[PDB]
file query.cif (mmCIF, N, CA and C atoms and all ligand atoms)
data_entry
#
loop_
_atom_site.label_atom_id
_atom_site.label_comp_id
_atom_site.auth_asym_id
_atom_site.auth_seq_id
_atom_site.Cartn_x
_atom_site.Cartn_y
_atom_site.Cartn_z
N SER A 7 29.52 -61.09 -15.96
CA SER A 7 28.45 -60.07 -15.87
C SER A 7 27.14 -60.62 -16.47
N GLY A 8 26.02 -59.92 -16.25
CA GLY A 8 24.71 -60.27 -16.83
C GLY A 8 23.54 -60.05 -15.88
N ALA A 9 22.34 -59.97 -16.45
CA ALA A 9 21.10 -59.59 -15.76
C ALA A 9 19.92 -60.34 -16.34
N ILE A 10 18.88 -60.53 -15.53
CA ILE A 10 17.52 -60.95 -15.96
C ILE A 10 16.64 -59.70 -16.06
N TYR A 11 15.86 -59.58 -17.13
CA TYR A 11 14.94 -58.44 -17.36
C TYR A 11 13.53 -59.00 -17.42
N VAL A 12 12.81 -58.92 -16.31
CA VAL A 12 11.39 -59.39 -16.22
C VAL A 12 10.52 -58.21 -15.76
N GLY A 13 9.48 -57.87 -16.53
CA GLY A 13 8.57 -56.74 -16.25
C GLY A 13 9.35 -55.46 -16.05
N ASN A 14 9.09 -54.75 -14.96
CA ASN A 14 9.89 -53.54 -14.65
C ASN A 14 10.92 -53.90 -13.56
N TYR A 15 11.59 -55.05 -13.70
CA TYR A 15 12.67 -55.49 -12.77
C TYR A 15 13.93 -55.87 -13.53
N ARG A 16 15.08 -55.54 -12.95
CA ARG A 16 16.41 -56.00 -13.39
C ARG A 16 17.02 -56.81 -12.24
N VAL A 17 17.37 -58.08 -12.48
CA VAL A 17 17.99 -58.97 -11.46
C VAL A 17 19.46 -59.14 -11.80
N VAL A 18 20.31 -58.73 -10.87
CA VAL A 18 21.77 -58.86 -11.00
C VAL A 18 22.28 -59.58 -9.76
N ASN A 19 23.51 -60.06 -9.86
CA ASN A 19 24.37 -60.39 -8.70
C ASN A 19 24.50 -59.12 -7.83
N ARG A 20 24.16 -59.21 -6.56
CA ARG A 20 24.31 -58.10 -5.59
C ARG A 20 25.72 -57.54 -5.72
N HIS A 21 26.73 -58.42 -5.82
CA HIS A 21 28.16 -58.04 -5.78
C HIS A 21 28.55 -57.28 -7.04
N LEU A 22 27.70 -57.25 -8.06
CA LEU A 22 28.01 -56.55 -9.35
C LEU A 22 27.01 -55.40 -9.55
N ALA A 23 26.02 -55.24 -8.68
CA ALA A 23 25.03 -54.14 -8.76
C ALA A 23 25.78 -52.80 -8.88
N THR A 24 25.30 -51.94 -9.78
CA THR A 24 25.86 -50.59 -10.07
C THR A 24 25.19 -49.56 -9.15
N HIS A 25 25.54 -48.29 -9.33
CA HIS A 25 25.06 -47.16 -8.50
C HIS A 25 23.55 -46.98 -8.68
N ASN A 26 23.09 -47.02 -9.93
CA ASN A 26 21.67 -46.81 -10.33
C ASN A 26 20.80 -47.91 -9.71
N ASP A 27 21.34 -49.13 -9.59
CA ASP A 27 20.62 -50.31 -9.05
C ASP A 27 20.21 -50.05 -7.59
N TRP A 28 21.19 -49.72 -6.74
CA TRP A 28 20.96 -49.41 -5.30
C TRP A 28 19.94 -48.27 -5.17
N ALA A 29 20.27 -47.10 -5.73
CA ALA A 29 19.37 -45.93 -5.87
C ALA A 29 17.97 -46.43 -6.20
N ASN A 30 17.89 -47.36 -7.16
CA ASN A 30 16.62 -47.86 -7.74
C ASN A 30 16.30 -49.22 -7.12
N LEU A 31 16.91 -49.53 -5.98
CA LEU A 31 16.74 -50.85 -5.32
C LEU A 31 15.25 -51.11 -5.10
N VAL A 32 14.86 -52.36 -5.33
CA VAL A 32 13.54 -52.95 -4.99
C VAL A 32 13.74 -53.94 -3.85
N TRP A 33 14.78 -54.78 -3.97
CA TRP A 33 15.00 -55.90 -3.02
C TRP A 33 16.39 -56.47 -3.23
N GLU A 34 17.03 -56.83 -2.11
CA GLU A 34 18.37 -57.42 -2.09
C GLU A 34 18.47 -58.32 -0.86
N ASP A 35 19.20 -59.41 -1.05
CA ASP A 35 19.44 -60.40 0.01
C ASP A 35 20.90 -60.77 -0.16
N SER A 36 21.75 -60.27 0.74
CA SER A 36 23.21 -60.51 0.72
C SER A 36 23.48 -62.02 0.78
N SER A 37 22.65 -62.77 1.53
CA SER A 37 22.80 -64.22 1.71
C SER A 37 22.46 -64.96 0.41
N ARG A 38 21.77 -64.34 -0.55
CA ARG A 38 21.46 -64.95 -1.88
C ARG A 38 22.32 -64.40 -3.03
N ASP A 39 23.15 -63.38 -2.74
CA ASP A 39 23.91 -62.59 -3.75
C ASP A 39 22.94 -62.06 -4.82
N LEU A 40 21.69 -61.70 -4.47
CA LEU A 40 20.72 -61.14 -5.45
C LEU A 40 20.41 -59.69 -5.10
N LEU A 41 20.24 -58.89 -6.16
CA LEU A 41 19.70 -57.51 -6.08
C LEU A 41 18.74 -57.32 -7.25
N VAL A 42 17.54 -56.81 -6.97
CA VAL A 42 16.54 -56.46 -8.01
C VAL A 42 16.41 -54.94 -7.95
N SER A 43 16.70 -54.27 -9.06
CA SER A 43 16.46 -52.82 -9.25
C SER A 43 15.29 -52.61 -10.23
N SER A 44 14.66 -51.43 -10.15
CA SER A 44 13.51 -51.00 -10.99
C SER A 44 14.03 -50.52 -12.36
N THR A 45 13.25 -50.78 -13.41
CA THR A 45 13.57 -50.43 -14.82
C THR A 45 12.47 -49.53 -15.37
N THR A 46 12.81 -48.65 -16.32
CA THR A 46 11.83 -47.79 -17.03
C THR A 46 11.09 -48.64 -18.06
N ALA A 47 11.83 -49.37 -18.89
CA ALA A 47 11.30 -50.23 -19.98
C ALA A 47 10.81 -51.56 -19.40
N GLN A 48 9.96 -52.28 -20.14
CA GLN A 48 9.48 -53.64 -19.78
C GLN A 48 10.46 -54.69 -20.33
N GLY A 49 10.86 -55.64 -19.50
CA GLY A 49 11.75 -56.78 -19.84
C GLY A 49 10.95 -57.93 -20.42
N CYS A 50 11.58 -58.89 -21.09
CA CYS A 50 10.87 -59.96 -21.84
C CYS A 50 11.35 -61.35 -21.42
N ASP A 51 12.15 -61.45 -20.35
CA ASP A 51 12.57 -62.76 -19.79
C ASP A 51 11.36 -63.34 -19.06
N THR A 52 11.14 -64.65 -19.18
CA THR A 52 10.14 -65.41 -18.39
C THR A 52 10.88 -66.14 -17.26
N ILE A 53 10.44 -65.98 -16.02
CA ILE A 53 10.99 -66.71 -14.85
C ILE A 53 10.34 -68.09 -14.87
N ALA A 54 11.16 -69.12 -14.72
CA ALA A 54 10.67 -70.50 -14.60
C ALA A 54 9.88 -70.64 -13.31
N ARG A 55 8.80 -71.40 -13.36
CA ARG A 55 8.04 -71.73 -12.13
C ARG A 55 7.93 -73.25 -12.14
N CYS A 56 8.87 -73.93 -11.48
CA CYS A 56 9.12 -75.38 -11.66
C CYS A 56 10.13 -75.89 -10.62
N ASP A 57 10.37 -77.21 -10.60
CA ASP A 57 11.44 -77.86 -9.80
C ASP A 57 12.35 -78.68 -10.74
N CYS A 58 12.57 -78.18 -11.96
CA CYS A 58 13.61 -78.71 -12.90
C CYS A 58 14.97 -78.77 -12.20
N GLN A 59 15.70 -79.84 -12.46
CA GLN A 59 17.09 -80.00 -12.00
C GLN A 59 18.00 -80.18 -13.23
N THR A 60 17.48 -79.92 -14.43
CA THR A 60 18.33 -79.89 -15.68
C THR A 60 18.03 -78.62 -16.45
N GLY A 61 19.06 -78.10 -17.12
CA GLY A 61 18.98 -76.80 -17.76
C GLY A 61 20.25 -76.56 -18.55
N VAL A 62 20.44 -75.34 -19.00
CA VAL A 62 21.60 -74.89 -19.82
C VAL A 62 22.03 -73.55 -19.24
N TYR A 63 23.32 -73.36 -19.01
CA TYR A 63 23.81 -72.09 -18.48
C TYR A 63 24.80 -71.54 -19.48
N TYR A 64 24.93 -70.23 -19.50
CA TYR A 64 25.92 -69.52 -20.33
C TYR A 64 27.19 -69.31 -19.52
N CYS A 65 28.34 -69.64 -20.13
CA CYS A 65 29.68 -69.55 -19.55
C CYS A 65 30.48 -68.57 -20.39
N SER A 66 30.55 -67.31 -19.98
CA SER A 66 31.21 -66.23 -20.73
C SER A 66 32.70 -66.57 -20.94
N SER A 67 33.34 -67.24 -19.98
CA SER A 67 34.79 -67.59 -20.00
C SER A 67 35.09 -68.74 -20.98
N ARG A 68 34.05 -69.34 -21.59
CA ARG A 68 34.18 -70.31 -22.71
C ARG A 68 33.36 -69.88 -23.92
N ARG A 69 32.66 -68.75 -23.85
CA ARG A 69 31.62 -68.37 -24.84
C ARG A 69 30.83 -69.61 -25.27
N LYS A 70 30.35 -70.40 -24.30
CA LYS A 70 29.62 -71.66 -24.56
C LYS A 70 28.47 -71.79 -23.56
N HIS A 71 27.36 -72.39 -24.01
CA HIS A 71 26.18 -72.76 -23.18
C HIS A 71 26.29 -74.25 -22.91
N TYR A 72 26.25 -74.66 -21.65
CA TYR A 72 26.48 -76.05 -21.25
C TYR A 72 25.18 -76.58 -20.65
N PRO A 73 24.77 -77.80 -21.04
CA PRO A 73 23.69 -78.53 -20.36
C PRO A 73 24.25 -79.05 -19.04
N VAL A 74 23.43 -78.99 -17.99
CA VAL A 74 23.87 -79.31 -16.61
C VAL A 74 22.68 -79.88 -15.89
N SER A 75 22.99 -80.80 -14.98
CA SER A 75 22.14 -81.18 -13.83
C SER A 75 22.56 -80.26 -12.68
N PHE A 76 21.63 -79.86 -11.83
CA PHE A 76 21.90 -78.98 -10.67
C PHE A 76 21.05 -79.41 -9.48
N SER A 77 21.60 -79.19 -8.30
CA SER A 77 20.92 -79.47 -7.02
C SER A 77 19.78 -78.47 -6.86
N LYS A 78 18.74 -78.87 -6.15
CA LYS A 78 17.70 -77.95 -5.68
C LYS A 78 18.31 -76.83 -4.82
N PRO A 79 17.67 -75.65 -4.80
CA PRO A 79 18.17 -74.51 -4.04
C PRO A 79 18.32 -74.91 -2.57
N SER A 80 19.51 -74.64 -2.01
CA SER A 80 19.93 -75.07 -0.65
C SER A 80 20.80 -74.00 0.02
N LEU A 81 21.07 -74.19 1.32
CA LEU A 81 22.03 -73.38 2.10
C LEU A 81 23.37 -74.09 1.96
N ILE A 82 24.32 -73.45 1.28
CA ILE A 82 25.63 -74.04 0.86
C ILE A 82 26.77 -73.14 1.38
N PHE A 83 27.78 -73.75 2.01
CA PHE A 83 28.99 -73.03 2.46
C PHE A 83 29.76 -72.60 1.22
N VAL A 84 30.06 -71.30 1.14
CA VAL A 84 30.81 -70.73 -0.01
C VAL A 84 32.08 -70.08 0.56
N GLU A 85 33.24 -70.49 0.05
CA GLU A 85 34.57 -69.94 0.45
C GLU A 85 34.55 -68.42 0.27
N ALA A 86 35.38 -67.72 1.05
CA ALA A 86 35.59 -66.26 0.93
C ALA A 86 35.90 -65.93 -0.52
N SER A 87 35.53 -64.72 -0.95
CA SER A 87 35.92 -64.10 -2.24
C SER A 87 36.33 -62.65 -1.98
N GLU A 88 36.60 -61.88 -3.03
CA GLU A 88 36.86 -60.42 -2.88
C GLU A 88 35.55 -59.70 -2.52
N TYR A 89 34.38 -60.31 -2.77
CA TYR A 89 33.05 -59.67 -2.59
C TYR A 89 32.35 -60.10 -1.28
N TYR A 90 32.60 -61.31 -0.79
CA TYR A 90 31.94 -61.85 0.43
C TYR A 90 32.96 -62.61 1.26
N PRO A 91 32.83 -62.59 2.61
CA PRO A 91 33.58 -63.49 3.48
C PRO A 91 33.03 -64.91 3.30
N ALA A 92 33.72 -65.92 3.84
CA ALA A 92 33.27 -67.33 3.83
C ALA A 92 31.93 -67.38 4.57
N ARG A 93 30.90 -68.00 4.00
CA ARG A 93 29.53 -67.95 4.59
C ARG A 93 28.60 -68.94 3.89
N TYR A 94 27.41 -69.15 4.48
CA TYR A 94 26.33 -70.01 3.94
C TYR A 94 25.47 -69.19 3.00
N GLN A 95 25.64 -69.41 1.69
CA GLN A 95 24.80 -68.76 0.66
C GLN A 95 23.49 -69.55 0.58
N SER A 96 22.36 -68.86 0.75
CA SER A 96 21.03 -69.50 0.68
C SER A 96 20.55 -69.53 -0.78
N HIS A 97 19.58 -70.37 -1.04
CA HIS A 97 18.85 -70.52 -2.33
C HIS A 97 19.87 -70.82 -3.46
N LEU A 98 20.90 -71.60 -3.19
CA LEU A 98 22.02 -71.83 -4.13
C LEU A 98 21.95 -73.27 -4.67
N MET A 99 22.16 -73.39 -5.97
CA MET A 99 22.09 -74.63 -6.77
C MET A 99 23.48 -74.90 -7.34
N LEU A 100 24.04 -76.09 -7.12
CA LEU A 100 25.37 -76.48 -7.67
C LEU A 100 25.22 -77.44 -8.86
N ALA A 101 26.10 -77.29 -9.84
CA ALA A 101 26.35 -78.21 -10.97
C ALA A 101 27.85 -78.36 -11.15
N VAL A 102 28.22 -79.46 -11.78
CA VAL A 102 29.59 -79.71 -12.29
C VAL A 102 29.68 -78.93 -13.59
N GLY A 103 30.59 -78.00 -13.63
CA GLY A 103 30.85 -77.31 -14.89
C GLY A 103 31.84 -76.23 -14.62
N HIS A 104 32.37 -75.64 -15.69
CA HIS A 104 33.40 -74.59 -15.62
C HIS A 104 32.73 -73.25 -15.30
N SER A 105 33.35 -72.49 -14.40
CA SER A 105 33.01 -71.08 -14.10
C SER A 105 34.27 -70.39 -13.58
N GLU A 106 34.43 -69.11 -13.92
CA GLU A 106 35.38 -68.16 -13.30
C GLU A 106 34.57 -67.01 -12.71
N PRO A 107 35.14 -66.20 -11.78
CA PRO A 107 34.38 -65.13 -11.14
C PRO A 107 33.54 -64.28 -12.11
N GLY A 108 34.14 -63.84 -13.22
CA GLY A 108 33.52 -62.94 -14.22
C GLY A 108 32.32 -63.54 -14.95
N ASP A 109 32.07 -64.85 -14.80
CA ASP A 109 30.91 -65.57 -15.40
C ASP A 109 29.63 -65.30 -14.59
N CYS A 110 29.73 -64.73 -13.39
CA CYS A 110 28.53 -64.34 -12.60
C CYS A 110 27.61 -63.51 -13.51
N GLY A 111 26.30 -63.74 -13.44
CA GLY A 111 25.31 -63.08 -14.29
C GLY A 111 24.89 -63.94 -15.46
N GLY A 112 25.66 -64.99 -15.81
CA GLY A 112 25.28 -65.93 -16.85
C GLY A 112 23.95 -66.56 -16.48
N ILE A 113 23.04 -66.66 -17.42
CA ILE A 113 21.72 -67.31 -17.14
C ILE A 113 21.79 -68.84 -17.16
N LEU A 114 21.02 -69.43 -16.25
CA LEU A 114 20.67 -70.84 -16.22
C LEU A 114 19.18 -70.89 -16.57
N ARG A 115 18.86 -71.74 -17.56
CA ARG A 115 17.47 -71.81 -18.07
C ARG A 115 17.04 -73.25 -18.32
N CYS A 116 15.79 -73.56 -18.00
CA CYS A 116 15.19 -74.86 -18.30
C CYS A 116 14.17 -74.65 -19.43
N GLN A 117 13.44 -75.68 -19.79
CA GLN A 117 12.29 -75.54 -20.73
C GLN A 117 11.28 -74.48 -20.26
N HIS A 118 11.24 -74.14 -18.97
CA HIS A 118 10.19 -73.21 -18.47
C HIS A 118 10.61 -71.74 -18.45
N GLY A 119 11.87 -71.42 -18.74
CA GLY A 119 12.41 -70.05 -18.65
C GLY A 119 13.63 -69.94 -17.74
N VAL A 120 13.85 -68.76 -17.16
CA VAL A 120 15.08 -68.44 -16.37
C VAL A 120 14.92 -69.08 -14.99
N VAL A 121 15.92 -69.88 -14.63
CA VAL A 121 16.02 -70.53 -13.31
C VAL A 121 16.84 -69.64 -12.37
N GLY A 122 17.96 -69.04 -12.82
CA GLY A 122 18.82 -68.30 -11.93
C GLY A 122 20.03 -67.79 -12.71
N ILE A 123 20.98 -67.23 -11.98
CA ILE A 123 22.20 -66.60 -12.57
C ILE A 123 23.42 -67.20 -11.87
N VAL A 124 24.53 -67.35 -12.60
CA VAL A 124 25.83 -67.76 -12.01
C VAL A 124 26.13 -66.80 -10.86
N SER A 125 26.43 -67.36 -9.68
CA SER A 125 26.76 -66.60 -8.44
C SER A 125 28.13 -67.00 -7.91
N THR A 126 28.47 -68.30 -7.90
CA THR A 126 29.72 -68.84 -7.32
C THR A 126 30.16 -70.09 -8.09
N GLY A 127 31.26 -70.71 -7.64
CA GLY A 127 31.79 -71.96 -8.22
C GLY A 127 33.30 -72.05 -8.07
N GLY A 128 33.93 -72.85 -8.93
CA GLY A 128 35.39 -73.12 -8.92
C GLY A 128 35.66 -74.58 -8.66
N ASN A 129 36.88 -75.03 -8.96
CA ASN A 129 37.29 -76.46 -8.83
C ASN A 129 36.25 -77.34 -9.53
N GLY A 130 35.77 -76.91 -10.71
CA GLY A 130 34.90 -77.70 -11.61
C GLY A 130 33.42 -77.61 -11.25
N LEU A 131 33.08 -76.79 -10.26
CA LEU A 131 31.67 -76.52 -9.86
C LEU A 131 31.26 -75.15 -10.41
N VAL A 132 29.95 -74.92 -10.47
CA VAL A 132 29.35 -73.60 -10.76
C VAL A 132 28.08 -73.56 -9.89
N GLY A 133 27.93 -72.50 -9.11
CA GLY A 133 26.74 -72.25 -8.26
C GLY A 133 25.85 -71.19 -8.88
N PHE A 134 24.54 -71.40 -8.83
CA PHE A 134 23.53 -70.51 -9.46
C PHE A 134 22.59 -70.02 -8.36
N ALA A 135 22.36 -68.71 -8.28
CA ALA A 135 21.36 -68.13 -7.34
C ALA A 135 19.95 -68.39 -7.92
N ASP A 136 19.11 -69.23 -7.27
CA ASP A 136 17.73 -69.48 -7.75
C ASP A 136 16.93 -68.17 -7.78
N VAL A 137 16.11 -67.92 -8.79
CA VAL A 137 15.14 -66.80 -8.72
C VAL A 137 13.71 -67.34 -8.81
N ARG A 138 13.52 -68.67 -8.85
CA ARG A 138 12.21 -69.25 -9.19
C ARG A 138 11.22 -69.11 -8.01
N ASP A 139 11.69 -68.87 -6.79
CA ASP A 139 10.78 -68.62 -5.63
C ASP A 139 10.27 -67.18 -5.65
N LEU A 140 10.89 -66.28 -6.41
CA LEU A 140 10.56 -64.82 -6.37
C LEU A 140 9.31 -64.60 -7.21
N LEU A 141 8.15 -65.03 -6.69
CA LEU A 141 6.88 -65.05 -7.43
C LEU A 141 6.47 -63.63 -7.82
N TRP A 142 6.82 -62.66 -6.98
CA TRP A 142 6.46 -61.23 -7.18
C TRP A 142 7.17 -60.67 -8.42
N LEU A 143 8.25 -61.28 -8.92
CA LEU A 143 8.91 -60.82 -10.19
C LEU A 143 7.92 -60.79 -11.36
N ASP A 144 6.85 -61.58 -11.31
CA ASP A 144 5.81 -61.76 -12.38
C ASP A 144 4.64 -60.77 -12.30
N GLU A 145 4.61 -59.86 -11.33
CA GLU A 145 3.45 -58.94 -11.13
C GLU A 145 3.92 -57.63 -10.48
N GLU A 146 3.03 -56.63 -10.36
CA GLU A 146 3.28 -55.33 -9.68
C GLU A 146 4.71 -54.85 -9.95
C1 LIG B 1 31.39 -68.13 -10.56
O1 LIG B 1 32.22 -67.54 -9.55
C2 LIG B 1 33.45 -68.10 -9.33
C3 LIG B 1 34.01 -69.05 -10.17
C4 LIG B 1 35.28 -69.52 -9.89
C5 LIG B 1 35.98 -69.07 -8.79
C6 LIG B 1 35.42 -68.12 -7.95
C7 LIG B 1 36.15 -67.63 -6.71
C8 LIG B 1 37.68 -67.67 -6.84
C9 LIG B 1 38.33 -67.12 -5.59
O2 LIG B 1 37.94 -67.86 -4.44
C10 LIG B 1 36.53 -67.78 -4.22
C11 LIG B 1 35.73 -68.31 -5.40
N1 LIG B 1 35.80 -69.78 -5.42
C12 LIG B 1 34.15 -67.63 -8.23
ZN ZN B 2 11.77 -75.77 -15.47
#
call {"tool": "encode", "arguments": {"input": "query.cif", "output": "structure tokens"}}
result
Amino acid sequence: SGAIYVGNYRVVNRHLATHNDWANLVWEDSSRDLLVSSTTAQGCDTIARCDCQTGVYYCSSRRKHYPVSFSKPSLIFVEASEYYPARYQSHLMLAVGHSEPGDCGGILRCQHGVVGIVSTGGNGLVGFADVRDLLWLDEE
């Protein structure tokens, strides 16, 4: 589980979005596993605006933050899960590292701020949904 809180936006894994999120939906892309809902309070996360390929992600299933190299956001084939059929997830970054399903929402961060959230992985990989193209998260 986990979320990014930037301005009056909450960014979650689409597959973990709650009832209030949809009701309060701003934007969702099933192909990115992202959902942004509206918030009453102001968030204090900074979104990275960069092409960093190194960062640190939180792994709830190890209670540990791991330094990782990761691929640039790409269209990647992702095996079926309980939440999605087998399909090409867009804007997805892979690293070698431990993840289990429940680690989705863990932040990946570089020196510039939040890069993305754990979305997929397994067999020693972890996939992160990029949020760094979502320039509108920083305004309105
Ligand atoms: C971060 O998310 C993860 C991490 C590990 C495994 C999975 C699921 C396990 C079931 O088969 C589909 C996926 N590979 C997701
Ligand atoms: Zn960066």
call {"tool": "closest_atom_pairs", "arguments": {"input": "query.cif", "of": "chain A", "to": "ligand LIG 1 (chain B)", "cutoff": "9 Å", "atoms": "only C-alpha atoms and all ligand atoms", "output": "Markdown table"}}
result
| residue | atom | partner | partner_atom | distance |
| --- | --- | --- | --- | --- |
| A:84 | CA | B:LIG1 | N1 | 7.4 |
| A:85 | CA | B:LIG1 | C10 | 5.5 |
| A:86 | CA | B:LIG1 | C10 | 5.5 |
| A:87 | CA | B:LIG1 | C10 | 4.2 |
| A:88 | CA | B:LIG1 | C9 | 7.4 |
| A:89 | CA | B:LIG1 | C10 | 9.0 |
| A:90 | CA | B:LIG1 | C10 | 8.8 |
| A:92 | CA | B:LIG1 | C10 | 8.7 |
| A:104 | CA | B:LIG1 | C3 | 7.8 |
| A:105 | CA | B:LIG1 | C3 | 4.5 |
| A:106 | CA | B:LIG1 | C3 | 3.5 |
| A:107 | CA | B:LIG1 | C2 | 3.6 |
| A:108 | CA | B:LIG1 | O1 | 6.7 |
| A:109 | CA | B:LIG1 | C1 | 5.5 |
| A:110 | CA | B:LIG1 | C1 | 5.2 |
| A:111 | CA | B:LIG1 | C1 | 8.7 |
| A:124 | CA | B:LIG1 | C1 | 5.8 |
| A:125 | CA | B:LIG1 | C1 | 5.3 |
| A:126 | CA | B:LIG1 | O1 | 3.6 |
| A:127 | CA | B:LIG1 | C3 | 4.1 |
| A:128 | CA | B:LIG1 | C4 | 3.7 |
| A:129 | CA | B:LIG1 | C4 | 7.3 |
| A:130 | CA | B:LIG1 | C4 | 8.4 |
| A:131 | CA | B:LIG1 | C3 | 7.8 |
| A:132 | CA | B:LIG1 | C1 | 5.8 |
| A:133 | CA | B:LIG1 | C1 | 6.6 |
| A:134 | CA | B:LIG1 | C1 | 8.3 |
call {"tool": "residues_around", "arguments": {"input": "query.cif", "residues": "stretch 10-16 of chain A", "least_positions_apart": "3", "cutoff": "8 Å", "atoms": "only N, CA and C atoms", "output": "PyMOL selection string"}}
result
chain A and resi 19+41-53+111-113+120+122-123+143-146
call {"tool": "residues_near_ligand", "arguments": {"input": "query.cif", "ligand": "ligand ZN 2 (chain B)", "cutoff": "12 Å", "atoms": "only C-alpha atoms and all ligand atoms", "output": "NGL selection string"}}
result
:A and (52-62 or 75-76 or 78 or 114-122 or 136-138)
call {"tool": "residues_around", "arguments": {"input": "query.cif", "residues": "stretch 30-37 of chain A", "least_positions_apart": "5", "cutoff": "8 Å", "atoms": "all atoms listed in the file", "output": "list in words"}}
result
residues 20, 21, 24, 25, 42, 43, 44, 45, 93, 94, 95, 96, 97 and 98 of chain A
call {"tool": "axis_aligned_box", "arguments": {"input": "query.cif", "around": "stretch 96-106 of chain A", "padding_each_side": "3 Å", "output": "AutoDock Vina command-line options"}}
result
--center_x 27.1 --center_y -73.4 --center_z -7.5 --size_x 22.5 --size_y 18.7 --size_z 22.4
call {"tool": "atom_distance", "arguments": {"input": "query.cif", "atom1": "atom N of residue A:99", "atom2": "atom CA of residue A:140"}}
result
14.4 Å
call {"tool": "atom_distance", "arguments": {"input": "query.cif", "atom1": "atom CA of residue A:139", "atom2": "atom CA of residue A:102"}}
result
22.8 Å
call {"tool": "select_by_dssp", "arguments": {"input": "query.cif", "residues": "stretch 30-115 of chain A", "states": "strand (DSSP E)", "output": "VMD selection string"}}
result
chain A and resid 31 to 35 40 to 50 60 to 65 70 to 75 80 to 84 93 to 102 113 to 115
call {"tool": "atom_distance", "arguments": {"input": "query.cif", "atom1": "atom CA of residue A:23", "atom2": "atom CA of residue A:40"}}
result
8.9 Å
call {"tool": "select_by_dssp", "arguments": {"input": "query.cif", "residues": "chain A", "states": "alpha helix (DSSP H)", "output": "compact mmCIF listing (two decimals) with N, CA and C atoms, in the frame of the given file"}}
result
# COMPACT_ATOMS: atom_id res chain seq x y z
N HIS A 25 25.54 -48.29 -9.33
CA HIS A 25 25.06 -47.16 -8.50
C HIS A 25 23.55 -46.98 -8.68
N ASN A 26 23.09 -47.02 -9.93
CA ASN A 26 21.67 -46.81 -10.33
C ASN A 26 20.80 -47.91 -9.71
N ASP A 27 21.34 -49.13 -9.59
CA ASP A 27 20.62 -50.31 -9.05
C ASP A 27 20.21 -50.05 -7.59
N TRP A 28 21.19 -49.72 -6.74
CA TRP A 28 20.96 -49.41 -5.30
C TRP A 28 19.94 -48.27 -5.17
N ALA A 29 20.27 -47.10 -5.73
CA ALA A 29 19.37 -45.93 -5.87
C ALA A 29 17.97 -46.43 -6.20
call {"tool": "decode", "arguments": {"input": "query.cif", "residues": "stretch 66-79 of chain A", "atoms": "N, CA and C atoms", "output": "PDB file, in the first residue's frame"}}
result
ATOM      1  N   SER A  66       7.993  -2.643   1.672  1.00  0.00           N
ATOM      2  CA  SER A  66       7.232  -2.912   2.909  1.00  0.00           C
ATOM      3  C   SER A  66       7.457  -4.358   3.368  1.00  0.00           C
ATOM      4  N   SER A  67       7.627  -5.309   2.434  1.00  0.00           N
ATOM      5  CA  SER A  67       7.791  -6.767   2.707  1.00  0.00           C
ATOM      6  C   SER A  67       9.195  -7.084   3.261  1.00  0.00           C
ATOM      7  N   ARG A  68      10.097  -6.091   3.321  1.00  0.00           N
ATOM      8  CA  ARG A  68      11.411  -6.180   4.021  1.00  0.00           C
ATOM      9  C   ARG A  68      11.584  -5.064   5.041  1.00  0.00           C
ATOM     10  N   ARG A  69      10.599  -4.182   5.195  1.00  0.00           N
ATOM     11  CA  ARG A  69      10.746  -2.906   5.940  1.00  0.00           C
ATOM     12  C   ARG A  69      12.139  -2.308   5.682  1.00  0.00           C
ATOM     13  N   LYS A  70      12.535  -2.211   4.407  1.00  0.00           N
ATOM     14  CA  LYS A  70      13.872  -1.707   4.001  1.00  0.00           C
ATOM     15  C   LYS A  70      13.717  -0.829   2.758  1.00  0.00           C
ATOM     16  N   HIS A  71      14.567   0.199   2.650  1.00  0.00           N
ATOM     17  CA  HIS A  71      14.711   1.092   1.469  1.00  0.00           C
ATOM     18  C   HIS A  71      15.951   0.623   0.722  1.00  0.00           C
ATOM     19  N   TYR A  72      15.835   0.328  -0.563  1.00  0.00           N
ATOM     20  CA  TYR A  72      16.920  -0.252  -1.348  1.00  0.00           C
ATOM     21  C   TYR A  72      17.316   0.762  -2.418  1.00  0.00           C
ATOM     22  N   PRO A  73      18.621   0.992  -2.603  1.00  0.00           N
ATOM     23  CA  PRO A  73      19.139   1.737  -3.759  1.00  0.00           C
ATOM     24  C   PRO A  73      19.035   0.830  -4.978  1.00  0.00           C
ATOM     25  N   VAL A  74      18.662   1.415  -6.119  1.00  0.00           N
ATOM     26  CA  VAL A  74      18.361   0.660  -7.351  1.00  0.00           C
ATOM     27  C   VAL A  74      18.734   1.539  -8.522  1.00  0.00           C
ATOM     28  N   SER A  75      19.176   0.872  -9.579  1.00  0.00           N
ATOM     29  CA  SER A  75      19.166   1.375 -10.966  1.00  0.00           C
ATOM     30  C   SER A  75      17.828   0.928 -11.561  1.00  0.00           C
ATOM     31  N   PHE A  76      17.232   1.731 -12.433  1.00  0.00           N
ATOM     32  CA  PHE A  76      15.946   1.409 -13.083  1.00  0.00           C
ATOM     33  C   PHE A  76      15.963   1.902 -14.527  1.00  0.00           C
ATOM     34  N   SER A  77      15.240   1.175 -15.369  1.00  0.00           N
ATOM     35  CA  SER A  77      15.070   1.515 -16.795  1.00  0.00           C
ATOM     36  C   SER A  77      14.219   2.780 -16.889  1.00  0.00           C
ATOM     37  N   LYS A  78      14.414   3.551 -17.941  1.00  0.00           N
ATOM     38  CA  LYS A  78      13.505   4.642 -18.312  1.00  0.00           C
ATOM     39  C   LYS A  78      12.079   4.110 -18.520  1.00  0.00           C
ATOM     40  N   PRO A  79      11.064   4.960 -18.289  1.00  0.00           N
ATOM     41  CA  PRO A  79       9.672   4.555 -18.438  1.00  0.00           C
ATOM     42  C   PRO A  79       9.444   4.027 -19.857  1.00  0.00           C
TER      43      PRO A  79
END
